[PDB]
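Notes for the one structure printed next.
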Amino acid sequence: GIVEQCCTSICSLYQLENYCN
Amino acid sequence: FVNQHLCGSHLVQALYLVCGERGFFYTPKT
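Residue numbers (the authors' numbering), protein chains in the order written: chain A, 1 to 21; chain B, 1 to 30.
Here you go:
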């Protein structure tokens with residue numbers, strides 16, 4: 001999910017947007 | 001336990017800014 005894609009590693013505000021509804 | 005709990009708080013914070021409008025579903029590990 002979101003946790004390993006973005007916590008261990010680092011998300012940009014572009015990558016994170018994948019995650020909107 | 002709290003690392004993932006720590007990071008998550010930042011996480012859903014970013015998701016409020018970026019998503020604004022459309023909002024989102026925070027689903028942990030899933």
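C-beta: ideal position from N, C-alpha, C; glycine also.
Exposure of residue i, with buried meaning 16 or more beta-carbon neighbours within 10 Å
{"i": "residue 10/A", "result": "exposed"}
Pair within 7 Å by beta-carbon distance, residue i and residue j
{"i": "residue 21/A", "j": "residue 23/B", "result": "yes"}
{"i": "residue 13/B", "j": "residue 3/A", "result": "no"}
Distance between residue j and residue i (C-alpha atoms, nearest Å)
{"i": "residue 19/A", "j": "residue 1/B", "result": "23 Å"}
{"i": "residue 29/B", "j": "residue 8/A", "result": "13 Å"}
{"i": "residue 11/B", "j": "residue 21/B", "result": "17 Å"}
{"i": "residue 18/B", "j": "residue 13/A", "result": "6 Å"}
{"i": "residue 1/A", "j": "residue 26/B", "result": "10 Å"}
Whole-angstrom C-beta distance between residue j and residue i, which should lie under 8 Å
{"i": "residue 6/B", "j": "residue 16/A", "result": "Actually they are not in contact, since the Cβ atoms of residue 6/B and residue 16/A sit about 17 Å apart, beyond 8 Å."}
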